[PDB]
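>>> To kick things off, part of the complex as it is:
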Amino acid sequence: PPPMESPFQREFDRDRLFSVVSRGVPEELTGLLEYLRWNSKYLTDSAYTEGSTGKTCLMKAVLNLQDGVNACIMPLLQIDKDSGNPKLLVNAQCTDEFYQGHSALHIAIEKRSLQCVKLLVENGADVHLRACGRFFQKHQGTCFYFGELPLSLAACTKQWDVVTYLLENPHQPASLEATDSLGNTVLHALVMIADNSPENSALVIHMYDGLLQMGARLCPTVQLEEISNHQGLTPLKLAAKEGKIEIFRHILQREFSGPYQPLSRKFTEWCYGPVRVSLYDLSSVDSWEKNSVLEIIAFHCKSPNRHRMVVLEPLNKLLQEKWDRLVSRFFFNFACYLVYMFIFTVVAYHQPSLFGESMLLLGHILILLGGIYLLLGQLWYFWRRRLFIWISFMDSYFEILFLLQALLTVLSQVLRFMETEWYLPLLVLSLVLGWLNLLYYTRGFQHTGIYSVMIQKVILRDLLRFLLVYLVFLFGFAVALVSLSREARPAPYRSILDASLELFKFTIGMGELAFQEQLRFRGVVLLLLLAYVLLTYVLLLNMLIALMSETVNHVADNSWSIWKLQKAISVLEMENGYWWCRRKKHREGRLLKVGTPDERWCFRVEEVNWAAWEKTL
């Protein structure tokens, strides 16, 4: 990409004007103006910009600032005012793919100079110009997405007085409910620029609260937190989706006092010594609405801090009371699945060769009904999550296996109907997958669920890479053993499968090595087996030590948070009912008149904290 400003890199005439404005002498510009009258030219023509981007001369003026001061910018406004052009200069943007839309007010705000932005919009510059280049889009290397607006650029770079001036100027008041070409307003942009660093979280929380208060002062009828982008997300939902937790935590529990009391969510109902009763707001933070923060946290967000967002209140108490409401249906589902797997096990064990036969036919048609029921249920589940199939796959890996087992038992039943003798491996693989999928329902109990999310420390990629190295080793020594044991002076290592088995048996502790005098090269085969044993012993040892050093590092125990996330995913998948009885969901919380006719569907938590009471003591 071309650089915007470059102190020694080459990109009136063009170079003469660019050098005299890079210095910025206001009298040495004299002699330019009449030169524009003879040729009927303007300052925004393609011969007077950098023809690739379109970076005009005033953009170089606001780029090169003498300590934030430039004496030549208002000369350029006088020249463009009396240059005969219908169109302006300050509204003119670049045209390259990389800096598409990047005006000069963006540079005047970026350089943190109140004087130049004041002298720009006091002399008729636009404040809504969208800098929409690829440099200004997120999730790309060398990028800066600030929200594609001058007010969002002033907000995302901490410049307080430029925000208050841009909202409180008599020339052009910037729309606090404006948008970019992505749909994002300025609070969306503060959410997008946030990280999980503590100081950046403090900066974005500071600018968010201050901008929300100025929205109360300036535009009190509209509500800024209820505006959605082109994906239909409020800034709370955008903070839940893109994984920024600390601004999400700050928005979720927010208490203000006095005139800014209406734009709080954590109203305090009462207190009594150490007990404190708060009334949180469930404005789109519950599963009653279609697209809300619970469904976005569970099924839409792709981030590793996603399991920490169900820890914090009111989401803890909301998910806890939803789970207390639905734990009877969870264990009813588990009992139905246990009955189905008992039918599967008794049908498979008592299977005939290739009254009792009638009862087994009853069992077989019950298996086909249960299989087509689970198959339609899992297909409906994957159709509901059709937008994000990689977010139904990254964590909840049992919804793949329930589908796979149901598909395999339906296919095995139609292979039994179609006479084929290859149905019994499919029915057995279905039975194995069903008894394995029985361990999905261990979430509902506290301690075994905590252990079942604790028993997955060893990373699946960390296993597959070891399987790659071990299969290289086993295959190399397998072809080696068969091609050395091809000749003689039963026969071991006769085929590559039998030698692969006899080399794999060293890993399970059943491997036999001997000085087999049937072979001709018995010393070389014994030395090669010894080399295989030593190499795979070093291999398994290095895997054990490196995996233990990756795990045992005093890292924070996640198992309570991931267990609460798994129960949250389960209760949100369960609240829609089945695929035939689509039930109606409780509007959780009581509707309370709070402040001003603003009635909110509030949900009270009643929490005690002896440490917090004794420090407010």
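Structure received. Numbering: from 1, shown residues only, chains lettered A, B, ... in the order given.

>>> Just give me the neighbour total for the closest residue in space to residue A:457 that isn't next to it in sequence.
Among residues not flanking residue A:457 along the chain, residue A:551 sits closest, at 5.1 Å (CB to CB, 6 or more residues apart in numbering). Just so you know, the C-beta spots here come from the backbone N, C-alpha and C atoms, and that holds for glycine as well. Neighbourhood size, residue A:551 [other CB atoms under 10 Å]: 12.

>>> and the gap between the spatially most central residue of chain A and residue A:550?
When CA atoms, centre = their mean is applied to chain A, the residue found nearest the centroid is residue A:302 (2.8 Å). Applying CB to CB, to the nearest Å, the value for residue A:302 to residue A:550 is 23 Å.

>>> Next up, the contacts around residue A:447.
Counting by CB atoms under 8 Å, 6 or more residues apart in numbering, residue A:447 touches no other residue.

>>> did I read that right, it in a helix?
Yes: checked against DSSP: H, G, I helix; E, B strand; the rest coil, residue A:447 lies within a helix.

>>> and the residue lying closest to the residue nearest to the centre of chain A once chain neighbours are set aside, which of the three is it?
Using CB to CB, 6+ apart and skipping the chain neighbours, the partner closest in space to residue A:302 is residue A:391 (5.9 Å). Secondary structure for residue A:391, judged by three-state DSSP, is coil.

>>> and what of the one 4 residues further on?
Taken by three-state DSSP, the conformation at residue A:395 corresponds to coil.

>>> How about residue A:261?
For residue A:261, the assignment made with three-state DSSP gives helix.

>>> A strand includes residue A:312, no?
No: counting by three-state DSSP, residue A:312 falls outside a strand, being coil.

>>> close enough to count as contact, it and residue A:249?
Yes: assessed by CB atoms under 8 Å, residue A:312 is found in contact with residue A:249 at 5.6 Å.

>>> can you slot in chain B too:
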Amino acid sequence: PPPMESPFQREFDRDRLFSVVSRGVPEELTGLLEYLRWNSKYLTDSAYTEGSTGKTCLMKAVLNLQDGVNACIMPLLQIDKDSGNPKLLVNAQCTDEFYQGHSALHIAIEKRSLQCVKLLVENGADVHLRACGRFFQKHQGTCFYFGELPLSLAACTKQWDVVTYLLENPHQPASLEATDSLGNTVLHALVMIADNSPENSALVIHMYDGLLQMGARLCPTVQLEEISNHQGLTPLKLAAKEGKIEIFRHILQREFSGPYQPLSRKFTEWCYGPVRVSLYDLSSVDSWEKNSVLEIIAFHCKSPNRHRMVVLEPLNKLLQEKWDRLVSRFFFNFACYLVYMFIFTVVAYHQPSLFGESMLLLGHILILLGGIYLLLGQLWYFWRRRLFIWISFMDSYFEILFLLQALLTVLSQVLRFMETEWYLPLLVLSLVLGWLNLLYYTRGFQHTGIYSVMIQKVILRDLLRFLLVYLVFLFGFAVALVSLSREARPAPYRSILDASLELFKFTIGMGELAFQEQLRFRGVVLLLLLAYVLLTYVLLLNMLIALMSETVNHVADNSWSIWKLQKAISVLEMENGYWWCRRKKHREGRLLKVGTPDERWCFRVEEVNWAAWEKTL
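Let me put chain B in with the others:
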């Protein structure tokens, strides 16, 4: 539960009075008083309270305070004084199950306002009213147990001047030796509200010492630390029972100087450079009394800090000299049990088929006598601990096994008397349990006892959850292997027991997998065995890594403290003698005249500390 105060939630007329007292304007109340004369009503009637709880208007007055000040509370006292009622208002309580007994003095003290509580009890309010609701009982969610008294509420919320005023007012002096409806006095309540946080421990120690000194000043004849609740526990015993260690540690070793010298327990006998000789008090801190702190720490408390309470003095030296007195009886018991197990082993090994026979009959009747002796001893032990059978089971898990082995050998002897050929598995299981219970007596030696309490890192629940997952795996693949090996083209995996064995043998390193050409689906059975081996290898690896990461975290070594707790449990179970020779216990310590005619059964420790002497240097 209904909220007590709620700033925007709806629960003269009732609403008019409630709003005008929530503001609190004293002149705008005028016009209420005559309205009570015409209808012959009062202020405490059910139409003038919240009819569910009974929250009167003055409770709303003391709830809504203008910075701890309310100008309307004494107007309400004038109205109730001249309202013609026989009964009062300030004594009137709520009547809901949740806030049962919660008067208005409790709110006046809770809001930390000396003015409102002064204007209450200077105008005739009770100070002994028991707030006994379910909100005010402990061990429940959203609860605050402060002791169900106004003085206990002032003490448990750090308010120093309200305590000194409530004890030192000329209107109604609060009884420092009062009680709730549970038996607890105020020092009991300070024990109940304590935690193991350091700052809360400092707060409860500060209020405890100050309240004890004011008990010396106000009520010097009675002793506040000798008052027991309805379970019969002093506050030292309540601190030992409910597990609060730091207030227990502070009460146990307490030194004061000067006029508060009589209410100390750690009197200093002498010092000589680094050696320091102290005279601790054994007022109910020894096993001579029936119910004391040693028997409560060992056999009554249910807490994980229970093993740290035998570390600290004088309990360390007391248990050490008791163990030096009783270690000969401990190893006499161990030698008797070793003789009994040698008789059991020689009788079992030389058992006949289904002089020497007479000697074996002598051995059999010796086994029956030893078995009925151990059975009666363990039944007497479980009858003595009949109140807390879960505290004879949570730590001391050998008293279950001694009972089980004695019961099994008595049952095996009566099955040999009753001719039955099923006696020999019971006698063998008794012999196994007896040789296993021989490892109980390893407590008496220092280093092997420290190792035997060190060799129990792996949690029993952490094993049982792995056993659940592994049994799911083994059962699924067992029915899979038998139903695939049902057909052919000896026979392996013929039954589910034999396949369960041949799959369990992979875990001990003896499992055989081969390309068994007797079977028809030999490739599917080999692939299924390979899948079982890989899955259980990942399973055992995840158990090992997760269990090692749970254990190896630089946690503090408990093994000395739990070894001292095990020796304490042993010496307290041994000091009662056997179930036939119930011996008399030494009153440990010397009776010394200390201060004023207050003779205490003191026990001196003689401890050196080079670090403590050099900082007092």
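
>>> Could you re-examine the contacts of residue A:447 with chain B now present?
Each residue near residue A:447 by CB atoms under 8 Å, 6 or more residues apart in numbering or on different chains is listed here: B:461, B:465.

>>> Distance-wise, check it relative to residue A:436.
Residue A:447 is 21 Å from residue A:436, by CB to CB.

>>> rewinding a little: dump the residue contacts of the residue nearest to the centre of chain A.
Contacts here follow CB under 8 Å, 6+ apart; on that basis residue A:302 touches A:243, A:388, A:390, A:391, A:394.

>>> near chain B, which residues of the stretch 451-600 of chain A?
A:451-452, A:454-458, A:463, A:497-498, A:501, A:504-505, A:508-510, A:544, A:547-548, A:551-552, A:554, A:592-595 (CB under 8 Å from any CB of the partner chain).

>>> related to what we said a few turns ago, I'd assumed the residue nearest to the centre of chain A was in a helix, is it?
No: counting by three-state DSSP, residue A:302 is not part of a helix but coil.

>>> how close does it sit to residue B:362?
In terms of CB to CB, residue A:302 sits 78 Å off from residue B:362.

>>> can you pull out the helices in the stretch 251-400 of chain A?
Secondary structure of the stretch 251-400 of chain A by DSSP state H, counting those that start in this stretch: the helices cover A:293-299, A:315-349, A:356-384, A:398-417.

>>> Now find how far off-centre the longest one is within its chain.
What it means is helix A:315-349. 29 Å (CA atoms, centre = their mean, to the nearest Å).

>>> buried residues in stretch A:80-97?
A:80, A:83, A:85, A:89, A:90, A:92, A:93, A:94, A:95, A:96 (16 or more other CB atoms under 10 Å in any protein chain shown).

>>> do stretch A:489-501 as well
By 16+ other CB under 10 Å, the buried positions in stretch A:489-501 come out as A:492, A:493, A:498, A:499, A:500, A:501.

>>> I'd like the distance from the residue of chain A most remote from its centre to chain B, if you could.
No residue in chain A sits farther from the centre than residue A:489, which is 64.8 Å out by CA atoms, centre = their mean. Using CB to the nearest CB, to the nearest Å, residue A:489 is found at 25 Å from chain B.
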